[PDB]
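Engineer: Kindly generate the corresponding structure for this input.
(4 chains)
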Number of protein chains: 4
Amino acid sequence: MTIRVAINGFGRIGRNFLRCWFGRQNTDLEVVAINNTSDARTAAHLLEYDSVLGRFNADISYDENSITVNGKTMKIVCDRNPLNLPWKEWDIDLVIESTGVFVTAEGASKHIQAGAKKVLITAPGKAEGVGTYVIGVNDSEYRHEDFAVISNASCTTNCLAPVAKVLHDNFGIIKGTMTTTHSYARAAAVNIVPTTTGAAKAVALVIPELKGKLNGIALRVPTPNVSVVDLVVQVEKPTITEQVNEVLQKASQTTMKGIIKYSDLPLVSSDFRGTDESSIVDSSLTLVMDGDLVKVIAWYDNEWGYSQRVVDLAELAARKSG
Amino acid sequence: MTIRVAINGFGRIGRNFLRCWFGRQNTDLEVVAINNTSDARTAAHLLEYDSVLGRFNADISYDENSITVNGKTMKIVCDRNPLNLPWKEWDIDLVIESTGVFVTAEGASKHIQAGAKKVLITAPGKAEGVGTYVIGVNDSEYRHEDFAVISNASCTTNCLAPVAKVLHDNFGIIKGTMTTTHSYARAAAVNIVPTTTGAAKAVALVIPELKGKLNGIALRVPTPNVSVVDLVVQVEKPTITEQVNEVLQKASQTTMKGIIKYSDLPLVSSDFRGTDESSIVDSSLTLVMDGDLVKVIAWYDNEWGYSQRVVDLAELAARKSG
Amino acid sequence: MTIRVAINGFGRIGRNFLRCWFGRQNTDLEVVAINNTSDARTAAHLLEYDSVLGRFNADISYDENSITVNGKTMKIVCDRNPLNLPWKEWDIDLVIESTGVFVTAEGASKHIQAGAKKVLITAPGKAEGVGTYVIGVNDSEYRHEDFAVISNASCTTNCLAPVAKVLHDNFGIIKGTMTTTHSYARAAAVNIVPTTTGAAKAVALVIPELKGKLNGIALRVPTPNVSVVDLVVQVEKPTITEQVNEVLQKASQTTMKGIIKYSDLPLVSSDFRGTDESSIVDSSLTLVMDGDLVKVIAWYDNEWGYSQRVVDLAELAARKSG
Amino acid sequence: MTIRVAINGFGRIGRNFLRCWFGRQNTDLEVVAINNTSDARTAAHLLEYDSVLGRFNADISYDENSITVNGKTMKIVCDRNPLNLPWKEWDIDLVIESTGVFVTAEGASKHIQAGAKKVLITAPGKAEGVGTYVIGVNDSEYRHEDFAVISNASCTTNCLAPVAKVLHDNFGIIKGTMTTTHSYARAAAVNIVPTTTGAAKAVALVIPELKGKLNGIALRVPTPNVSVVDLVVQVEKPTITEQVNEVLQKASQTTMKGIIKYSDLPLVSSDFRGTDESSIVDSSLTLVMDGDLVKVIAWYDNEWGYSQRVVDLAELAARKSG
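Structural biologist: Numbers count the residues shown, from 1 in each chain, chains lettered A, B, ... in the order given. Now the structure:
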């Protein structure tokens, strides 16, 4: 059935989710309401003008309590407490939770009490009880009854997991490490800020075999959009640069088609803006030391490709509602 | 003897070298002339006002052909051809070559023909014929007769080689890889620009045993100053994070004292501005996978620490003139 | 007739010129050759991937000596000396000069000697002898025989002249001043750099009545694209904010249609990227003190809108070739 | 008497105020307590390491409830409600309010109920009931009984009012307009953000004669520190550029000594970091149209000079406690 969706939070992610969804060839989704922290005007404005994605070309019309976008209109409400939401009254099946404040199963499930049947977090789940899925990596494991609260992990994890997946299936990771240099407690505008990252461990969630085999560090840079992951892994099957890039390309044309983008052309950050893939490999940067120490650098468009994956998971969850 | 030095080029490095020299507790160096591409005014202006290091507090007074800084004055000349320089007439022993245009032995030796006995390149040497030295790593191998044209390698190499040195001395590197994310063909102000780096190979020069055992990749970011190196090596002696940071700290208090700074405090880029060490380790970032895959992240102040090392080598070359 | 054009210099402007031209509904132009400083490959690459405008979607194919873009192909040559160019052999009518090195009538006319009949500078003319034209301001004054070397002024002048034009026609400028805060001798990446600007005087060239009535200052900022002009003028006919914005809007729908963009929506820099207008007024920012001290803030997309104007002038010059 | 001061909020301004105070040749101020939102550790860390002002060189030692800096120690407390503070118990005379949340007289006076006799807002006052003073402009009007809650206006106003003062005293402003382009609802890191500014009106408070004679607009840029004001005024006494800069320089050596810095040297943003003056004039940028339209550009170090002025007012308030 075509499930009814409500977007909680209308920031970068919520808005990106909306754009990605419109534009989709087809859909089993039906967005009906958006919970904001501002008015239906501010929403229509932010939804149209993006300092990153650019102006959203589609018929946008606001109203006191709603927002219409190419015919389809949707109720606008403002409640800082999910417990208060009319999720039951509005027959809300799935709730896209993108406020970053409800990431524990119990917190997110406030939407469940409010009457929603299932809630998906556009961020990593904190604690246990949530189901993490990374499209192209473990979506075949998706079963509607496993979790009420599901997660799509993070942007970094979504760029990493696909690559680790392939590398592992083809050469077998023994142990590895990664450094994610990504964009936006100190003036991050003038510094390069070291920070922790769970993306390393998060991959174990969607590739259990890699449990305890990866670890990472994050470095924050004053860059606009596009970010990158630096993956160094020690494999089992010794190989050569040519061949590592070979498998990554195959995957980008098959098993990971639409997920992993294989770029060989000499490019830079900006060039990958608006990319639908959640992980773009830069083949020119691949190195292999002594045939078994592989290093792969992959670019990922911060919240855009992540958003395409979020719509993909909401969709999967629809095509599978029980 | 106190050798007579002439600085060729008065940009980032030349200016930095001057500052670092003044302020040195002692010196066997006597700067007598500076070859610029502008007037003795522009020189005293750029020497006083630094958009990075800040205003240089010292009595600066220009002139039509000279520049006086705290008593000591020095001839200013402008020749875009080293062959034309008055190195012989001015009894110039050592020439600090910092224009980045003469990095091959034959190019740099143009200063030799012009009458200088020895020239030191503030950049990697191109081709063969030059002697690369990284203070704290192979400066004990210095012998005045080996090279007329010597190199101080690069900033990256000067941050990397010390670490590799210690790591290798203590656990023995088998193979490794590094990714330097450093500051300033496409608008680099809006991108993250992948680029090559010889620092990997450079280290083989000052640590021959690591020949063919390291490889790197560089990523250029729109950051102000400080940069960082990401070193992943597979060692022989299995160890633990606590112990890898333990040897690096010993080194910062002994063998690599003054060269390697061991920081454990939670800090960011800016915090390491004006640091004299050419390689600051961020202990909180050290990871060890399965006891034998080590990862070290080190910060380095672009041209400042490098300049401290340049004065260091000029000084060593003095205390050793034959 | 459909004149034959050759683009000298393939940087920001040259490339922008090419994109703008393709995409034009119609044209009396026929680009036949491009003089670069690199190969036909680097050209096709730079023409396809823009860290600003984004990827150029059109069939691009290079070759050893040419470049094809959607059927139309064009000879690629590399000569740092216009005197050497085969402009006569190739029957080059108009030469788009965008290297910034030939801006004096005599320098630019090197293309004339090389056999070209007319040359247009994508920058301000230095000295006398060139014909400056700002589309929408003084293009009705264009006569094919007046000058062999014509100029399109600058981006700033192109944003300013249209506005001054309207304000003047409607209220009559007595005297004014302007400050242009625009994007990319000191690290301009970390500073706000004060610099001179001729745009103020340049306007006199295309609006003689304003001779000696305007003056300006420039402030350079580490911003990506979009820039802005701050125009403060003292008028003759006292007016009110509502009415000043009123005339600017009318103009944007008529006399200055396609030249001046009237934006009332609350927006920012990014929002005006890819704008074809060479001058976007931000009505919300209009102020009028004591009915006769007007201040108008206008945004301009650095080289893009400028490029649309450049194609407009080449076109005008074609439709008028004698 | 040496009044007892308590700093509420320990961010940008609070920290800056502390530094400026230490380092003062003398003082009638005795800082005794600091109300934070974090621990006494985070406080001593942020007080020592500044991504802007650099490392603060002074003996800093924390503790569970206090912080000692060069002998003098001070109680650290954490209450998000001024009403709850121990201002009475700690005999707090003056409270430096720098949290930006209590800017209305009634809000700020919560510190009064808590036992403090006088509170000074490091920001513009909202509504009526507060006394705004701009050192060098209306500090002679200070009288301890006028206001329990006083304001130091803002950084912009503190750069603007001094200039307006002199200009008006010497030529008489009839009407004017200003545009402040200063540093840090949309990603301001990639845009130039237009925003409102009360600095125009603020000046009327410290220079009543200019009531209704000025108006401004602000443009936010992704710049690090220093900002700038663009002042265009129409005067009564016609003058010449040379003479407008002449009075501004006299003022910087007399009446506005220490307040206005007169710079004629060709410099940029960075060059004015750490400047104690709250308004630096860039003479090379002064323009005068038709003898009576004056334009002055002044640089101001965001929060540093402002902080020097804040300590100045606290001090004046001390030397005047009744």
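Engineer: Please count neighbours and contacts with C-alpha atoms only from this point.
Structural biologist: OK.
Engineer: contact partners of stretch A:72-83?
Structural biologist: Outside of stretch A:72-83, the residues that reach it under the criterion C-alpha atoms under 8 Å, 6 or more residues apart in numbering or on different chains are A:31-40, A:65-68, A:85, A:110-111, A:113-114.
Engineer: do that again at 7 Å, thanks
Structural biologist: Outside stretch A:72-83, the residues within contact range by C-alpha atoms under 7 Å, 6 or more residues apart in numbering or on different chains are A:31-38, A:40, A:65-68, A:85, A:110-111, A:113-114.
Engineer: In helices, which of those residues appear?
Structural biologist: Judged by DSSP state H, the subset of those located in helices is A:40, A:110-111, A:113.
Engineer: what's near enough to touch residue A:286?
Structural biologist: Residue A:286 touches A:241, A:295-297, counting by C-alpha under 7 Å, 6+ apart.
Engineer: let's go with 10 Å and repeat that
Structural biologist: A:231, A:240-242, A:244-245, A:294-298, B:217 (C-alpha atoms under 10 Å, 6 or more residues apart in numbering or on different chains).
Engineer: Quickly name whichever of those is closest to chain C.
Structural biologist: Chain C lies nearest to residue A:298 out of these, by C-alpha to the nearest C-alpha, at 18.1 Å.
Engineer: Just confirm that closest one is within a helix.
Structural biologist: No: assessed with DSSP: H, G, I helix; E, B strand; the rest coil, residue A:298 is strand; it does not lie in a helix.
Engineer: gap between it and residue A:285?
Structural biologist: For residue A:298, the distance to residue A:285 under the criterion C-alpha to C-alpha, to the nearest Å works out to 9 Å.
Engineer: Name the residues contacting each of those two.
Structural biologist: Taking C-alpha under 10 Å, 6+ apart as the contact rule, the neighbours common to residue A:298 and residue A:285 are residue A:230.
Engineer: who has more neighbours, those two?
Structural biologist: Under the neighbour definition other C-alpha atoms under 10 Å in any protein chain shown, residue A:298 and residue A:285 were set side by side, and residue A:298 has more, 25 against 21.
Engineer: Any idea what the closest residue to that one other than its chain neighbours is bridged to?
Structural biologist: Of all residues not flanking residue A:298 in the chain, residue A:281 sits nearest, at 4.3 Å (C-alpha to C-alpha, 6 or more residues apart in numbering or on different chains). Residue A:281 has these beta-bridge partners by DSSP bridges: residue A:262, residue A:298.
Engineer: if I look at residue A:65, how far off is chain B?
Structural biologist: 39 Å (C-alpha to the nearest C-alpha, to the nearest Å).
Engineer: What about residue A:38, how many residues nearby?
Structural biologist: Counted with other C-alpha under 10 Å, residues neighbouring residue A:38 total 14.
Engineer: correct me, but it touches residue A:64?
Structural biologist: No: between residue A:38 and residue A:64 there is no contact, the gap being 11.3 Å when judged by C-alpha atoms under 10 Å.
Engineer: now the contacts of residue A:286: which count as buried?
Structural biologist: Of all the contacts of residue A:286 considered here, the ones buried according to neighbour count by 16 or more other C-alpha atoms under 10 Å in any protein chain shown are A:231, A:240-241, A:244-245, A:294-298, B:217.
Engineer: Tell me which two of those sit farthest apart.
Structural biologist: Greatest spatial distance in those: A:240 and A:298, 18.0 Å, computed using C-alpha to C-alpha.
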